[PDB]
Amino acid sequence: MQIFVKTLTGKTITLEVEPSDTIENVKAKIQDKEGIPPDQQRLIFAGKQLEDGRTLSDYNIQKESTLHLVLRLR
């Protein structure tokens, strides 16, 4: 399925994912498309920050959902 990841800078990234993909894996996919190291990514969905070890399904992220990406140096 596909999901969308939006920055505060007006960028939208499309990803191809599985419901069982871990957030860590979603971050790796964002790296593949944007070059952003996973350490610098904070992903946010439905009001919460996402922890690396859980899956998209755990956070109730469905097909065509939109995540939000904020970059943090540390």
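Residue numbers here begin at 1 and follow the sequence given. Between two forms, the rigid core is the largest collection of C-alphas that superpose within 1.5 Å.
**Q** Comparing C-alpha positions in 5 other deposited structures of this protein against this form, with the rigid core used for the fit, which stretch differs more, 10 to 18 or 61 to 69?
**A** Comparing 10 to 18 with 61 to 69, the larger C-alpha deviation in 5 other deposited structures of this protein belongs to 10 to 18.
**Q** Once you work out the mean C-alpha B-factor for both 10 to 18 and 52 to 60 from the entry, which is higher?
**A** Here the higher of the two C-alpha B-factor means belongs to 52 to 60.
**Q** So which stretch wins on mean C-alpha B-factor, 28 to 36 or 43 to 51?
**A** Higher mean C-alpha B-factor in the PDB entry: 43 to 51.
**Q** Lowest, middle or highest third: where is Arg72 by Cα B-factor in its chain?
**A** Middle third.
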